[PDB]
Amino acid sequence: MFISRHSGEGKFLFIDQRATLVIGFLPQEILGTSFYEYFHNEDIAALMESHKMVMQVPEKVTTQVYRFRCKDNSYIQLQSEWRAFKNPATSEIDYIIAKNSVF
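Each position in the sequence shown, counted from 1, maps to that position plus 309 in PDB author numbering.
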């Protein structure tokens, strides 16, 4: 229910106009931080494995349902579809698109 985009390493580059209502953070508060700053302790290891897959394969990866820490330090449940796009001249990731469904 909201889109974000990230660097290859997970740094937030963009959140859409719907994100702040869901997660609390304004763009200026979250852009430039890693997605690893927000995952719940019990989900982060599995999410790192999803991120490793996204970096290696040029297909969509769907995460488990995980908990994401909002600005008020409570958690919401999300499920994300991630996909990375590589520059064909350098093999570096331009960005990862994230479709973040909210429960």
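Even for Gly, the Cβ is constructed at its ideal location relative to N, Cα and C.
{"Check": "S359 - containing alpha helix (DSSP H), residue span", "Outcome": "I353 to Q365"}
{"Check": "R314 to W391 span [Cα, whole Å]", "Outcome": "9 Å"}
{"Check": "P336 to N350 span [Cα, whole Å]", "Outcome": "23 Å"}
{"Check": "Contact set for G319: own chain, Cβ-Cβ below 8 Å, skip 5 residues either direction", "Outcome": "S343, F344, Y345, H360 and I405"}
{"Check": "Whole-number beta carbon distance between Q373 and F412, since they are thought to touch under 8 Å", "Outcome": "Not really, about 12 Å apart at Cβ, beyond 8 Å."}
{"Check": "Cβ neighbour criterion (16 or more within 10 Å) applied to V370", "Outcome": "buried"}
{"Check": "Secondary structure of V331, DSSP reduced to three states", "Outcome": "helix"}
{"Check": "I312 versus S400: straight-line alpha-carbon distance, rounded", "Outcome": "24 Å"}
{"Check": "Buried or exposed by the 16-neighbour rule on C-beta atoms within 10 Å, applied to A407", "Outcome": "buried"}
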